[PDB]
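Protein chains in written order, with my numbering: chain A, 1 to 259; chain B, 260 to 295. Right, one structure below, let's go through it.
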Ligand SMILES: *C[C@@](*)(O)[C@H](CCCNC(N)=[NH2+])NC(=O)[C@@H]1CCCN1C(=O)[C@H](N)Cc1ccccc1
């Protein structure tokens, strides 16, 4: 996360750390949507361009974490995976369209103060709330700056990083990039004349863009960190997988089999 | 049916359960249309 700040403990109890077994590596964020189901970006697991193909047992999921690096002994839970389901029409070749994957944990987690599921939005809540200018929140352990090029500062946070940013309108999203935008994507971030800054970055993919409903006051996951072009650049916007447009597929794999 | 345990979703133990606000939380609320 660029231009964000340190998270309070327990403020994103849905945040999940996708963690590679060997070599031990942070790869992405994810979110707890249920005691057995974790949601993430499909490109975190499968992206053939960069020779990328993780299978169910190359990965750990660490839930309840705050620190990027220390084992938090009676707080975090390390879980193993049963199944990975990537959207069958995820488009890895062109624009990362339908950047979504589900992970079925091998046994269920119990909720604690630190571990608690986020809601997925319904028709009325996605409509109500996802309007340009409305603010959401992105959390992750990802890059603090652009590290592929020489830069000043730490690249890597020690604690989960929080940023709150606005949805931008499609006209503007579509002319900040020459990558083909889709109905399954939204962009968010500050305009250059808005004074404020901040963005996701590499390492942040899979983390939730969440929003607090003023009605019931439950946090809902509205997007997944997907793609971007640099991090915090002027006139550029972060792009997010649109969770409500893909809820049919989520529902259909989650409910497929009984418990 | 559900694959789940969740259904108290989106309410966060150290904060809504405890009737507490996080430190930058009123901001997102303030954007939803404006305030008041
Ligand atoms: C996998 C995620 O960690 C990462 C998140 C980047 C978020 N950036 C900002 N500024 N909000 N996503 C990626 O890095 C994806 C996967 C493939 C490369 N990629 C990109 O974002 C490129 N920067 C742009 C791109 C290339 C090809 C197709 C779509 C987008």
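For every residue, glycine included, the Cβ atom is placed at its ideal position computed from N, Cα and C.
Cβ atoms of residue 41 of chain A and residue 213 of chain A stay farther apart than 8 Å, at about 24 Å. About 18 Å separates the Cβ atoms of residue 85 of chain A and residue 60 of chain A, ruling out a contact at the 8 Å cut-off.
Cβ contact annotation for residue 48 of chain A (same chain, cutoff 7 Å, sequence separation greater than five): 92, in chain order.
Sequence-distant Cβ neighbours of residue 83 of chain A in its own chain, meaning closer than 7 Å and more than five residues away, are 56 and 104. Here the C-alpha atom of residue 108 of chain A lies approximately 40 Å from the C-alpha atom of residue 293 of chain B. In summary, residue 69 of chain A is exposed, with fewer than 16 beta-carbon neighbours lying within 10 Å of its beta-carbon over all protein chains present. Taking 7 Å as the threshold, the shortest C-beta distance from residue 66 of chain A to chain B does not fall below it. Neighbours of residue 8 of chain A in chain B, taken as residues at a C-beta separation under 7 Å, are given in chain order as 281 and 282. Sequence-ordered contacts of the stretch 160-175 of chain A with chain B read 162, 164 and 166 [C-beta pairs closer than 8 Å]. With fewer than 16 other Cβ atoms from the protein chains shown falling within 10 Å of its own Cβ, residue 158 of chain A counts as exposed. The stretch 196-250 of chain A is shown to contain whole beta strand (DSSP E) runs of 3 or more residues at 208-212, 219-227 and 238-242, in chain order.
Taking every protein chain shown into account, the CB of residue 250 of chain A has 16 or more other CB atoms within 10 angstroms, so this residue is buried.
Under the 8 Å Cβ criterion, the stretch 148-162 of chain A does not count as touching the stretch 173-190 of chain A, having fewer than three qualifying pairs.
In terms of CA proximity to residue 72 of chain A, A/115 leads the group A/90, A/115, A/206 and A/31.
If you look at residue 171 of chain A, you'll find it in the alpha helix (DSSP H) that goes 170-176. Proximity of residue 278 of chain B to chain A, defined by a Cβ-Cβ separation below 7 Å, is not satisfied.
For a cut-off of 8 Å, the C-beta gap from residue 239 of chain A to residue 121 of chain A is around 18 Å, too long to register as a contact. Here the distance from the Cβ of residue 227 of chain A to the nearest heavy atom of ligand 1 is below 6 Å.
Within 6 Å of the C-beta of residue 96 of chain A there is at least one heavy atom belonging to ligand 1. With a minimum length of 3 residues, the unbroken runs of beta strand (DSSP E) contained wholly in the stretch 19-68 of chain A fall at 25-32, 37-40 and 59-63. In this structure, residue 137 of chain A and residue 95 of chain A do not form a Cβ contact; the two beta carbons are roughly 25 Å apart against a cut-off of 8 Å. DSSP places residue 112 of chain A outside any beta strand (DSSP E), giving it a letter other than H or E. Secondary structure note for residue 125 of chain A: it is in no beta strand (DSSP E), and the uninterrupted alpha helix (DSSP H) holding it is 123-129. Not one heavy atom of ligand 1 sits closer than 6 Å to the Cβ of residue 194 of chain A.
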